[PDB]
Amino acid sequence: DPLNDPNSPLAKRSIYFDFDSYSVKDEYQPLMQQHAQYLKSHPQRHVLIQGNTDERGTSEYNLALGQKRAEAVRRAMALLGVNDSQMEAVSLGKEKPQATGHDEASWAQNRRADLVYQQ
């Protein structure tokens, strides 16, 4: 399975965002296409799409922002013909920071949406 191959273009599972943005930049079209193709061709495969934010701003603000990030990714794959039934958009807000520093580098790493492929 390509989903288990670390050299497959499918190994890349994170989309990053600008400050305060939920726009999925153009550079991510081929990655969305790769994942979409995998999904459409494997009807049984389910992906959890988790939106994350950096720590700046309110708990509620960043929960809402994280949601919009996960939805932006789902939507981009929706548009490529993936069934809604294989996709779930959720938000972790600022609660699961991947980098734990308090600077531009850590924040940028946390303004992120991950494709979490289900067992």
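Note that residue numbering follows the sequence shown and begins at 1.
In this entry, 75-83 shows the higher mean Cα temperature factor of the pair 51-59 and 75-83. Higher average CA B factor: 17-25, of the stretches 17-25 and 103-111.
Sorting the modelled residues of the chain by their CA temperature factor places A89 in the middle third.
In the PDB entry, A64 places in the middle third of its chain by CA B-factor.
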